[PDB]
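This report refers to the structure that appears directly beneath it.
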Amino acid sequence: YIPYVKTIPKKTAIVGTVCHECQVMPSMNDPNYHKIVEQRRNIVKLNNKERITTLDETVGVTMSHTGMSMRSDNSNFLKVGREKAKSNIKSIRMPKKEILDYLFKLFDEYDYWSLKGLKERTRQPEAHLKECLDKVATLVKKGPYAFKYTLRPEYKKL
Amino acid sequence: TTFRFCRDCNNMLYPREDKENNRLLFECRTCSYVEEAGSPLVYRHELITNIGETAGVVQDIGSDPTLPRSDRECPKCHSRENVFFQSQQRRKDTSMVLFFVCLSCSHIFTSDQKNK
Amino acid sequence: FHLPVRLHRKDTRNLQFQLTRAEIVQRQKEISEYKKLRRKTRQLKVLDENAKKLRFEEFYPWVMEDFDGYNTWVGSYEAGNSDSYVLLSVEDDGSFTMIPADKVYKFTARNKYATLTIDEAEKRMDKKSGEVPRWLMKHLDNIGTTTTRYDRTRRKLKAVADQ
Amino acid sequence: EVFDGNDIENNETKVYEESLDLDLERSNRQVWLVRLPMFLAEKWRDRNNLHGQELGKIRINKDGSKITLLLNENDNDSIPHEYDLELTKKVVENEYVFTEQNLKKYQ
Amino acid sequence: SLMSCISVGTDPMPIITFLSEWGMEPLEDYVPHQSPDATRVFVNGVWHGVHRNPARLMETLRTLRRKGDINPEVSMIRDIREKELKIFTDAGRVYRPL
Amino acid sequence: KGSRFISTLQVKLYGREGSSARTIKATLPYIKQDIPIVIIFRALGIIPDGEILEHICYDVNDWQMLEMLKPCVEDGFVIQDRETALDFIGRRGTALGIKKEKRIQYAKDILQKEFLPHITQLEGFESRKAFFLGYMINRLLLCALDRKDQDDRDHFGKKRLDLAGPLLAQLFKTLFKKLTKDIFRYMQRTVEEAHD
Ligand SMILES: [Zn+2]
Ligand SMILES: [Zn+2]
């Protein structure tokens, strides 16, 4: 047998059995008769779709919003560059006299720290920030935790 | 030839032989349902077939405006109106015999005088 | 039908080796006795909500099975007259009650004649022999292979009643 | 509403507080399957209506063989007030009406 | 030819709805052995249903087309011998007046 | 209206008049092999052979027509349910992207969106597809038994003339489809490359 079938239980009940099949047809001897016939005839007569509208305005005006136009787009649609490019700020290098303590406290928190987070947390230029990181930590590229800086074993093993 | 169908699952019943009675029984191949055969015929190959000669005759065949009319007398009701059409078998081996359908009794007869 | 009867939505793939409700109940009794990164840019095709709801709702067809598994019917959704019917219910007083109809389902019995398996069917389709034996099912029935859930459950139930 | 399959662990005793077996109490109930025209079906299948009011009466001859429907005067004299119910099948078998609804999920 | 014309086509849905309301039983409940005299109904080559009284249906449809309710380009053929009723609405058919 | 693509379905009667067994097989898109008609009929939800013959032949006394249909049922006797038939249809499909789990659904999807698309493409219309297939088989058998002549290729009634309207319609749709793809490509590039 199979141990799993993945059923979906529900509350069901039989509320009757069909015994007679009927077809409702209006009697032809009714005063309101022949009104449904007109209604039925109107079904085919109907034309839901509408024809394409023709612009009667001057052709020069209609084409003013095409090609190289003096008008500038005011839409805010798919402005991904604008959304993120707005955020930009510089930061000065916090001297080794100060940030040296920051890194070791940072490493003590977690033992595998990425480059992108390090620049964000330190908020310093990557140029000098590299020198301290290489002097204290090392990066493993070929390991499973590839491209992540970790504190050197000399100081970690303490 | 008649193809009997199963009572319990609607599947066709093929012929089987019972040596205990040496009779013909139709049995099902899936649900094991048996029934005694009424005829000893099992295969009917018809190289020269007369079926389909009058195929397509309906209760309102005369309403067809393309079918030709004729004045031949129907030999069951003494009527003169009728429509005639050639054999509906399209194989190029059939004769040009006609088949007349009466518009008063829906009877089908033929004008052939060789075999009738 | 052999009461009680269950009518639920369930997967019908391999609807020949699934445990019967009676078997499950028996299994419970013995068990108690025994214990005693993505692409970041994806395009989706637009689909009307109604069909998607129908597709998701109708993914698992209705299955009607009795307690002993003797009757096993699987339903299929029919759209020919799903919304063109209006059911009428007559109460036990001579009056008539109006109830609109929602859907129509077509149910067919299953496993009445011990169908074969996919591997067995494929092998027979191949050129294993000139033609399948006229009584192949009968021969395999005696061997005991290719049985039905009703027969499969009955033997197991009898195997327990004997002890 | 996904749930386990065979459920050999007997998880339905606590997951659902209602019996999962099909109910046959209302099986012994006659039902008529009736197909309605477009104009009549467009107003009887609407959920913004059908509050339990009397839509008409059904008249059956004493000897049978003829069934007619008489609607009330609420149609606004826009459709016929009399209809003929043609019995397409006097004897019908292998047809049933079943309902379904959700089950309690707690305890 | 001089009087030849090519149809532009119209929606076949209104015709199908009209047929259903006039006794065109749906194909879902058609039992061939229970009525081996009914005429099949085709619309644009699609088998939509069957009719028990083709004569009346054709007479009604023909009158409707002549009265101008159905598009004149629609073609109606009733093969009495074959027990079929074909209605064509797709564009590309060449017709002439008579 | 809706996709403007053409899918061809062929029903073939294998064997010659001198053959002891002539079977009927149908060609389905994206399947690579010809399947017996009975297997397809079962895949649509009609497992009993009695109904399948009823769907094909509309006369209970036309024993001659039924005789030629016996070989078909014998060929596909081993398959007797929707799941087995659906799996048999699916494994022939040229997808190879589904290991085994979606194989049953893949065949069902093919029979729904790529089998006789001119009838319908929505779920719940298996009966209509089954009935139409029987009509094609019925027409095939009638010609094979010499009851009807092969359809004339020059019969103008079966010919269609495309004027400027339909011609430009096809050209416009293809060009518009190309335009839509170009629009999407720019959106993807703009998001990925961070442009305006
Ligand atoms: Zn049987
Ligand atoms: Zn006569």
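A note on labels: chains of the structure tokens are A, B, ... as shown, every chain counts residues from 1, and ligands are counted from 1 in their shown order.
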
* To do: Kindly compile the residues surrounding ligand 2 within 9 Å, counting only C-alpha atoms and all ligand atoms, and format them as a list in words.
  => residues 73, 74, 75, 76, 77, 78, 79, 80, 81, 82, 101, 102, 103, 104, 105, 106, 107 and 108 of chain B

Would you export the selected residues with C-alpha atoms as an mmCIF file, in the first residue's frame, please?
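Below is the file out.cif, written as the result:
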data_model
loop_
_atom_site.group_PDB
_atom_site.id
_atom_site.type_symbol
_atom_site.label_atom_id
_atom_site.label_comp_id
_atom_site.auth_asym_id
_atom_site.auth_seq_id
_atom_site.Cartn_x
_atom_site.Cartn_y
_atom_site.Cartn_z
ATOM 1 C CA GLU B 73 -46.597 3.548 -58.600
ATOM 2 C CA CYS B 74 -45.742 2.408 -55.085
ATOM 3 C CA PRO B 75 -46.773 -1.275 -54.832
ATOM 4 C CA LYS B 76 -48.070 -0.939 -51.274
ATOM 5 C CA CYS B 77 -50.437 2.072 -51.265
ATOM 6 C CA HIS B 78 -51.178 2.846 -54.951
ATOM 7 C CA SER B 79 -49.460 6.243 -54.864
ATOM 8 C CA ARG B 80 -47.730 8.034 -57.733
ATOM 9 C CA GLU B 81 -45.415 10.446 -55.878
ATOM 10 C CA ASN B 82 -41.938 9.285 -54.874
ATOM 11 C CA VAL B 101 -39.107 6.156 -51.439
ATOM 12 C CA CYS B 102 -42.845 6.798 -51.285
ATOM 13 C CA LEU B 103 -44.003 10.137 -49.880
ATOM 14 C CA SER B 104 -47.293 8.666 -48.595
ATOM 15 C CA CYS B 105 -46.147 5.545 -46.707
ATOM 16 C CA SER B 106 -42.335 5.861 -46.410
ATOM 17 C CA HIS B 107 -41.940 2.503 -48.171
ATOM 18 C CA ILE B 108 -38.741 1.702 -50.072
#

Using only C-alpha atoms, I'd like every residue of chain F that has an atom within 8 Å of chain B; please write them out as a tab-separated table (two decimals) with N, CA and C atoms, in the first residue's frame.
chain	number	residue	atom	x	y	z
F	48	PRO	N	-15.22	2.37	-19.99
F	48	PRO	CA	-15.88	1.19	-20.57
F	48	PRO	C	-15.83	1.21	-22.09
F	49	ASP	N	-15.58	0.03	-22.67
F	49	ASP	CA	-15.55	-0.09	-24.13
F	49	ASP	C	-16.93	0.11	-24.75
F	50	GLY	N	-18.00	-0.22	-24.03
F	50	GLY	CA	-19.33	-0.08	-24.60
F	50	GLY	C	-19.65	1.35	-24.98
F	51	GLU	N	-19.35	2.29	-24.09
F	51	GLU	CA	-19.61	3.69	-24.39
F	51	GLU	C	-18.72	4.20	-25.51
F	63	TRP	N	-23.63	-3.61	-37.52
F	63	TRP	CA	-22.62	-4.57	-37.10
F	63	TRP	C	-21.37	-4.49	-37.98
F	146	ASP	N	-16.13	2.08	-47.82
F	146	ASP	CA	-16.70	2.41	-49.13
F	146	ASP	C	-18.16	2.82	-49.03
F	147	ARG	N	-18.51	3.63	-48.03
F	147	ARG	CA	-19.82	4.25	-47.97
F	147	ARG	C	-19.82	5.69	-48.45
F	148	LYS	N	-18.68	6.36	-48.43
F	148	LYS	CA	-18.56	7.73	-48.89
F	148	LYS	C	-17.27	7.88	-49.67
F	149	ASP	N	-17.26	8.83	-50.60
F	149	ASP	CA	-16.08	9.12	-51.40
F	149	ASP	C	-15.19	10.12	-50.67

* Find the spatial neighbours of residue 28 (chain D), counting only C-alpha atoms, within a cut-off of 10 Å - ignore same-chain residues fewer than 5 positions away - and output them as a count of residues only. => 4

9 Å contact set for region 6-8 of chain D, only C-alpha atoms, chain neighbours under 3 positions out, as an mmCIF file with N, CA, C and O atoms, in the first residue's frame:
data_model
loop_
_atom_site.group_PDB
_atom_site.id
_atom_site.type_symbol
_atom_site.label_atom_id
_atom_site.label_comp_id
_atom_site.auth_asym_id
_atom_site.auth_seq_id
_atom_site.Cartn_x
_atom_site.Cartn_y
_atom_site.Cartn_z
ATOM 1 N N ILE A 2 0.224 2.407 -0.028
ATOM 2 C CA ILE A 2 0.909 3.697 0.012
ATOM 3 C C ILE A 2 0.615 4.346 1.361
ATOM 4 O O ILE A 2 -0.544 4.350 1.800
ATOM 5 N N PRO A 3 1.616 4.901 2.053
ATOM 6 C CA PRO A 3 1.352 5.456 3.389
ATOM 7 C C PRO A 3 0.754 6.851 3.380
ATOM 8 O O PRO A 3 0.203 7.270 4.407
ATOM 9 N N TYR A 4 0.839 7.582 2.270
ATOM 10 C CA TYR A 4 0.342 8.948 2.194
ATOM 11 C C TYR A 4 -0.481 9.133 0.928
ATOM 12 O O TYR A 4 -0.098 8.664 -0.148
ATOM 13 N N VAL A 5 -1.615 9.819 1.067
ATOM 14 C CA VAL A 5 -2.469 10.137 -0.074
ATOM 15 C C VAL A 5 -2.844 11.609 -0.148
ATOM 16 O O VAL A 5 -3.270 12.078 -1.220
ATOM 17 N N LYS A 6 -2.702 12.383 0.928
ATOM 18 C CA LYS A 6 -2.955 13.823 0.913
ATOM 19 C C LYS A 6 -4.402 14.129 0.518
ATOM 20 O O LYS A 6 -4.683 14.741 -0.515
ATOM 21 N N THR A 7 -5.326 13.686 1.368
ATOM 22 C CA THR A 7 -6.739 13.964 1.170
ATOM 23 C C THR A 7 -7.096 15.346 1.716
ATOM 24 O O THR A 7 -6.325 15.980 2.443
ATOM 25 N N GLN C 18 -4.175 2.605 -2.099
ATOM 26 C CA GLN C 18 -4.460 3.478 -0.971
ATOM 27 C C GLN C 18 -5.234 2.718 0.098
ATOM 28 O O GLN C 18 -6.134 1.931 -0.210
ATOM 29 N N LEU C 19 -4.875 2.961 1.356
ATOM 30 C CA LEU C 19 -5.507 2.256 2.463
ATOM 31 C C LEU C 19 -6.999 2.560 2.510
ATOM 32 O O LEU C 19 -7.417 3.715 2.383
ATOM 33 N N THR C 20 -7.800 1.516 2.695
ATOM 34 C CA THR C 20 -9.235 1.686 2.840
ATOM 35 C C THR C 20 -9.561 2.275 4.211
ATOM 36 O O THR C 20 -8.784 2.170 5.165
ATOM 37 N N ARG C 21 -10.733 2.908 4.301
ATOM 38 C CA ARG C 21 -11.150 3.496 5.570
ATOM 39 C C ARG C 21 -11.269 2.430 6.651
ATOM 40 O O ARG C 21 -10.855 2.648 7.796
ATOM 41 N N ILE C 24 -7.831 1.616 7.756
ATOM 42 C CA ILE C 24 -7.304 2.653 8.639
ATOM 43 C C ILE C 24 -7.875 2.496 10.041
ATOM 44 O O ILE C 24 -7.151 2.599 11.039
ATOM 45 N N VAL C 25 -9.182 2.246 10.143
ATOM 46 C CA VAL C 25 -9.797 2.045 11.451
ATOM 47 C C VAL C 25 -9.182 0.836 12.142
ATOM 48 O O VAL C 25 -8.858 0.879 13.334
ATOM 49 N N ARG C 27 -6.218 -0.375 11.553
ATOM 50 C CA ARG C 27 -4.839 -0.028 11.881
ATOM 51 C C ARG C 27 -4.767 0.769 13.177
ATOM 52 O O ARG C 27 -3.852 0.573 13.986
ATOM 53 N N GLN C 28 -5.720 1.679 13.390
ATOM 54 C CA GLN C 28 -5.736 2.447 14.631
ATOM 55 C C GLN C 28 -5.939 1.539 15.837
ATOM 56 O O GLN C 28 -5.297 1.724 16.878
ATOM 57 N N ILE C 31 -2.729 -0.343 16.505
ATOM 58 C CA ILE C 31 -1.697 0.581 16.966
ATOM 59 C C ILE C 31 -1.880 0.876 18.449
ATOM 60 O O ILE C 31 -0.913 0.878 19.221
ATOM 61 N N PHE D 3 -4.639 18.500 4.427
ATOM 62 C CA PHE D 3 -4.683 17.604 5.572
ATOM 63 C C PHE D 3 -3.994 16.297 5.207
ATOM 64 O O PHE D 3 -3.780 15.991 4.030
ATOM 65 N N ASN D 11 -5.389 11.471 13.651
ATOM 66 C CA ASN D 11 -5.290 12.902 13.904
ATOM 67 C C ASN D 11 -6.608 13.637 13.706
ATOM 68 O O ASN D 11 -6.711 14.805 14.095
ATOM 69 N N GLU D 12 -7.617 12.990 13.117
ATOM 70 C CA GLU D 12 -8.898 13.645 12.884
ATOM 71 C C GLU D 12 -9.727 13.793 14.152
ATOM 72 O O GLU D 12 -10.682 14.577 14.157
#

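Atom to atom, CA of residue 80 (chain C) and CA of residue 125 (chain F) stand 6.9 Å apart.
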
List every residue of chain A that has an atom at most 12 Å from any atom of chain F, and for each one report the closest atom pair and its distance in Å to one decimal, counting only C-alpha atoms, with rows sorted by chain and then by increasing residue number, as a Markdown table.
| residue | atom | partner | partner_atom | distance |
| --- | --- | --- | --- | --- |
| A:73 | CA | F:196 | CA | 11.0 |
| A:74 | CA | F:196 | CA | 12.0 |
| A:75 | CA | F:196 | CA | 10.6 |
| A:76 | CA | F:196 | CA | 9.5 |
| A:77 | CA | F:196 | CA | 8.8 |
| A:78 | CA | F:196 | CA | 6.8 |
| A:79 | CA | F:196 | CA | 5.2 |
| A:80 | CA | F:194 | CA | 5.9 |
| A:81 | CA | F:194 | CA | 5.0 |
| A:82 | CA | F:196 | CA | 7.3 |
| A:83 | CA | F:194 | CA | 9.7 |
| A:84 | CA | F:194 | CA | 8.9 |
| A:85 | CA | F:194 | CA | 9.2 |

* Contact residues (chain D, partner chain A, 8 Å, only C-alpha atoms) as number ranges by chain -> D: 1-6, 19-37, 77-93, 95-103

* To do: Would you mind writing down, as an NGL selection string, each residue of region 34-148 of chain C that DSSP on the backbone assigns to strand (DSSP E)?
  => :C and (62-66 or 72-78 or 85-90 or 96-100 or 104-109)

Generate a file of the selected residues that holds C-alpha atoms, formatted as a PDB file, in the first residue's frame.
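Everything below was put into selection_32.pdb:
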ATOM      1  CA  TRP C  62     -14.215  14.225  -5.627  1.00  0.00           C
ATOM      2  CA  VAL C  63     -13.796  10.635  -4.431  1.00  0.00           C
ATOM      3  CA  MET C  64     -16.645   8.575  -2.954  1.00  0.00           C
ATOM      4  CA  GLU C  65     -15.510   5.483  -1.040  1.00  0.00           C
ATOM      5  CA  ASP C  66     -17.490   3.217   1.268  1.00  0.00           C
ATOM      6  CA  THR C  72     -15.007   3.676  -5.235  1.00  0.00           C
ATOM      7  CA  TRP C  73     -16.313   6.459  -7.488  1.00  0.00           C
ATOM      8  CA  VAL C  74     -14.250   9.404  -8.747  1.00  0.00           C
ATOM      9  CA  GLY C  75     -15.973  12.597  -9.843  1.00  0.00           C
ATOM     10  CA  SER C  76     -15.105  14.908 -12.725  1.00  0.00           C
ATOM     11  CA  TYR C  77     -16.231  18.507 -13.129  1.00  0.00           C
ATOM     12  CA  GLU C  78     -18.614  19.140 -16.035  1.00  0.00           C
ATOM     13  CA  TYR C  85     -29.792  24.301 -13.964  1.00  0.00           C
ATOM     14  CA  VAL C  86     -31.964  25.252 -10.984  1.00  0.00           C
ATOM     15  CA  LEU C  87     -32.683  22.358  -8.628  1.00  0.00           C
ATOM     16  CA  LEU C  88     -36.154  22.099  -7.085  1.00  0.00           C
ATOM     17  CA  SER C  89     -36.625  20.566  -3.631  1.00  0.00           C
ATOM     18  CA  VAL C  90     -40.007  19.318  -2.403  1.00  0.00           C
ATOM     19  CA  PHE C  96     -41.858  23.236  -3.415  1.00  0.00           C
ATOM     20  CA  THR C  97     -38.552  24.824  -2.394  1.00  0.00           C
ATOM     21  CA  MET C  98     -36.232  26.605  -4.831  1.00  0.00           C
ATOM     22  CA  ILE C  99     -32.482  25.973  -4.605  1.00  0.00           C
ATOM     23  CA  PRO C 100     -30.055  27.133  -7.330  1.00  0.00           C
ATOM     24  CA  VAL C 104     -22.402  19.081 -11.993  1.00  0.00           C
ATOM     25  CA  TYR C 105     -20.024  16.166 -11.403  1.00  0.00           C
ATOM     26  CA  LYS C 106     -19.703  12.887 -13.306  1.00  0.00           C
ATOM     27  CA  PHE C 107     -18.725   9.856 -11.215  1.00  0.00           C
ATOM     28  CA  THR C 108     -17.366   6.548 -12.528  1.00  0.00           C
ATOM     29  CA  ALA C 109     -16.712   3.361 -10.576  1.00  0.00           C
TER      30      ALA C 109
END

* **All residues 7 Å or closer to region 88-101 of chain A, only C-alpha atoms, same chain fewer than 4 positions away omitted, as a ChimeraX atom specification** => /A:105,123-125

* **chain F residues near chain C (6 Å cut-off, only C-alpha atoms) as a VMD selection string** => chain F and resid 78 84 124

* Distance filter 7 Å, only C-alpha atoms, chain C against chain A, as a PyMOL selection string -> chain C and resi 7-11+17-19

Given only C-alpha atoms, how would the per-residue table for chain E near chain B read, listing every residue at most 12 Å away with its closest atom pair and distance in Å to one decimal, sorted by chain and number, as JSON lines?
{"residue": "E:36", "atom": "CA", "partner": "B:58", "partner_atom": "CA", "distance": 10.7}
{"residue": "E:37", "atom": "CA", "partner": "B:58", "partner_atom": "CA", "distance": 7.8}
{"residue": "E:38", "atom": "CA", "partner": "B:58", "partner_atom": "CA", "distance": 10.1}
{"residue": "E:39", "atom": "CA", "partner": "B:58", "partner_atom": "CA", "distance": 10.5}
{"residue": "E:53", "atom": "CA", "partner": "B:60", "partner_atom": "CA", "distance": 10.6}
{"residue": "E:54", "atom": "CA", "partner": "B:60", "partner_atom": "CA", "distance": 10.0}
{"residue": "E:55", "atom": "CA", "partner": "B:60", "partner_atom": "CA", "distance": 8.5}
{"residue": "E:56", "atom": "CA", "partner": "B:60", "partner_atom": "CA", "distance": 11.8}
{"residue": "E:77", "atom": "CA", "partner": "B:64", "partner_atom": "CA", "distance": 11.8}
{"residue": "E:78", "atom": "CA", "partner": "B:64", "partner_atom": "CA", "distance": 9.4}
{"residue": "E:79", "atom": "CA", "partner": "B:64", "partner_atom": "CA", "distance": 8.8}
{"residue": "E:80", "atom": "CA", "partner": "B:61", "partner_atom": "CA", "distance": 6.8}
{"residue": "E:81", "atom": "CA", "partner": "B:56", "partner_atom": "CA", "distance": 4.6}
{"residue": "E:82", "atom": "CA", "partner": "B:56", "partner_atom": "CA", "distance": 6.1}
{"residue": "E:83", "atom": "CA", "partner": "B:56", "partner_atom": "CA", "distance": 7.7}
{"residue": "E:84", "atom": "CA", "partner": "B:56", "partner_atom": "CA", "distance": 11.0}

Provide as a compact mmCIF listing (two decimals) with N, CA and C atoms, in the first residue's frame the residues of chain F at most 12 Å from chain E, counting only C-alpha atoms.
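In the end it all went to part05.txt:
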# COMPACT_ATOMS: atom_id res chain seq x y z
N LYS F 1 -9.89 33.59 -32.83
CA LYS F 1 -9.71 34.64 -31.83
C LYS F 1 -9.02 34.07 -30.60
N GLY F 50 -18.00 -0.22 -24.03
CA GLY F 50 -19.33 -0.08 -24.60
C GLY F 50 -19.65 1.35 -24.98
N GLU F 51 -19.35 2.29 -24.09
CA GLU F 51 -19.61 3.69 -24.39
C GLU F 51 -18.72 4.20 -25.51
N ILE F 52 -17.46 3.75 -25.56
CA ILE F 52 -16.55 4.21 -26.60
C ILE F 52 -17.09 3.83 -27.97
N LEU F 53 -17.54 2.59 -28.12
CA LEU F 53 -18.16 2.18 -29.38
C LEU F 53 -19.43 2.98 -29.64
N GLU F 54 -20.20 3.24 -28.59
CA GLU F 54 -21.39 4.08 -28.74
C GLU F 54 -21.03 5.48 -29.20
N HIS F 55 -19.93 6.04 -28.69
CA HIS F 55 -19.51 7.37 -29.11
C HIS F 55 -19.12 7.40 -30.58
N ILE F 56 -18.66 6.27 -31.12
CA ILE F 56 -18.19 6.22 -32.50
C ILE F 56 -19.36 5.90 -33.42
N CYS F 57 -19.96 4.73 -33.23
CA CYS F 57 -21.08 4.28 -34.04
C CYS F 57 -22.38 4.74 -33.40
N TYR F 58 -23.27 5.31 -34.21
CA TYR F 58 -24.55 5.83 -33.73
C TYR F 58 -25.72 4.93 -34.09
N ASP F 59 -25.45 3.74 -34.62
CA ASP F 59 -26.49 2.77 -34.96
C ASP F 59 -26.19 1.46 -34.24
N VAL F 60 -27.20 0.91 -33.56
CA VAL F 60 -27.01 -0.34 -32.82
C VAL F 60 -27.02 -1.56 -33.72
N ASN F 61 -27.51 -1.44 -34.95
CA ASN F 61 -27.58 -2.55 -35.88
C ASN F 61 -26.47 -2.53 -36.93
N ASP F 62 -25.62 -1.50 -36.93
CA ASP F 62 -24.53 -1.40 -37.90
C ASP F 62 -23.37 -2.30 -37.45
N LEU F 116 -7.75 19.37 -30.02
CA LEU F 116 -8.93 19.97 -30.61
C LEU F 116 -9.18 21.36 -30.00
N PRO F 117 -8.22 22.28 -30.12
CA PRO F 117 -8.39 23.60 -29.49
C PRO F 117 -9.56 24.40 -30.03
N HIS F 118 -10.04 24.10 -31.24
CA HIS F 118 -11.12 24.90 -31.82
C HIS F 118 -12.45 24.65 -31.12
N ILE F 119 -12.58 23.57 -30.36
CA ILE F 119 -13.81 23.33 -29.61
C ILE F 119 -13.85 24.18 -28.35
N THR F 120 -12.82 24.06 -27.52
CA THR F 120 -12.72 24.82 -26.28
C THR F 120 -11.35 24.57 -25.68
N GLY F 124 -13.25 20.98 -17.88
CA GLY F 124 -14.59 20.47 -17.75
C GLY F 124 -15.34 20.26 -19.05
N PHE F 125 -14.64 19.99 -20.15
CA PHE F 125 -15.26 19.76 -21.45
C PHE F 125 -14.69 18.50 -22.09
N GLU F 126 -14.48 17.46 -21.29
CA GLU F 126 -13.97 16.20 -21.83
C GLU F 126 -15.01 15.50 -22.69
N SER F 127 -16.29 15.63 -22.35
CA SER F 127 -17.33 14.96 -23.13
C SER F 127 -17.35 15.48 -24.56
N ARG F 128 -17.25 16.80 -24.74
CA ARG F 128 -17.26 17.36 -26.09
C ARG F 128 -16.07 16.87 -26.90
N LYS F 129 -14.88 16.83 -26.29
CA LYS F 129 -13.71 16.33 -27.00
C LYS F 129 -13.90 14.87 -27.39
N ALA F 130 -14.45 14.06 -26.49
CA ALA F 130 -14.69 12.65 -26.80
C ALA F 130 -15.68 12.50 -27.95
N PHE F 131 -16.76 13.28 -27.93
CA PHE F 131 -17.76 13.17 -28.99
C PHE F 131 -17.18 13.56 -30.34
N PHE F 132 -16.40 14.65 -30.38
CA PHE F 132 -15.83 15.09 -31.65
C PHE F 132 -14.86 14.04 -32.20
N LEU F 133 -14.05 13.44 -31.34
CA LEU F 133 -13.12 12.41 -31.79
C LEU F 133 -13.87 11.24 -32.42
N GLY F 134 -14.98 10.83 -31.80
CA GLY F 134 -15.79 9.78 -32.40
C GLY F 134 -16.30 10.16 -33.77
N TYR F 135 -16.67 11.43 -33.95
CA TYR F 135 -17.13 11.89 -35.26
C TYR F 135 -16.04 11.75 -36.31
N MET F 136 -14.80 12.12 -35.96
CA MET F 136 -13.70 11.95 -36.89
C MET F 136 -13.48 10.48 -37.21
N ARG F 139 -16.32 9.30 -39.45
CA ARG F 139 -16.11 9.71 -40.83
C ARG F 139 -15.02 8.88 -41.49
N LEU F 142 -16.42 5.32 -42.32
CA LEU F 142 -17.39 5.31 -43.41
C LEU F 142 -16.69 5.31 -44.77
N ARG F 147 -18.51 3.63 -48.03
CA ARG F 147 -19.82 4.25 -47.97
C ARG F 147 -19.82 5.69 -48.45
N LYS F 148 -18.68 6.36 -48.43
CA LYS F 148 -18.56 7.73 -48.89
C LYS F 148 -17.27 7.88 -49.67
N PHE F 156 -14.91 24.15 -53.78
CA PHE F 156 -14.64 25.52 -53.36
C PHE F 156 -15.23 25.81 -51.99
N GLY F 157 -16.25 25.06 -51.58
CA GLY F 157 -16.86 25.31 -50.28
C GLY F 157 -15.88 25.17 -49.14
N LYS F 158 -14.86 24.33 -49.30
CA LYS F 158 -13.84 24.14 -48.29
C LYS F 158 -12.67 25.11 -48.44
N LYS F 159 -12.73 26.02 -49.40
CA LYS F 159 -11.68 27.00 -49.64
C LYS F 159 -12.06 28.34 -49.03
N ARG F 160 -11.05 29.07 -48.56
CA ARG F 160 -11.24 30.38 -47.96
C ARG F 160 -10.32 31.38 -48.65
N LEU F 161 -10.81 32.60 -48.84
CA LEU F 161 -10.06 33.67 -49.47
C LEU F 161 -9.74 34.73 -48.43
N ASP F 162 -8.46 35.07 -48.30
CA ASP F 162 -8.02 36.08 -47.35
C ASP F 162 -7.82 37.40 -48.09
N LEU F 163 -8.58 38.41 -47.70
CA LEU F 163 -8.48 39.73 -48.31
C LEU F 163 -7.49 40.58 -47.51
N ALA F 164 -7.47 41.89 -47.78
CA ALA F 164 -6.56 42.77 -47.06
C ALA F 164 -6.81 42.72 -45.56
N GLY F 165 -8.07 42.60 -45.15
CA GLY F 165 -8.41 42.58 -43.75
C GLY F 165 -7.70 41.48 -42.99
N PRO F 166 -8.04 40.22 -43.27
CA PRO F 166 -7.39 39.12 -42.55
C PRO F 166 -5.88 39.10 -42.72
N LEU F 167 -5.37 39.46 -43.90
CA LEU F 167 -3.93 39.44 -44.11
C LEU F 167 -3.23 40.43 -43.19

* To do: Tell me, in Å to one decimal, how far CA of residue 93 (chain F) is from CA of residue 126 (chain C).
  => 17.5 Å

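Nearest residue to residue 100 (chain B) among B:85, B:112, B:27, B:19 is B:85, counting only C-alpha atoms.
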
* Within 10 Å of residue 61 (chain E), counting only C-alpha atoms, which residues show up once you throw out same-chain ones fewer than 3 positions away? Write them as a list in words, please. => residues 15, 18, 19, 56, 57, 58, 64, 65, 66, 67, 69, 70 and 76 of chain E

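Counting from CA of residue 135 (chain A), the distance to CA of residue 103 (chain A) is 11.3 Å.
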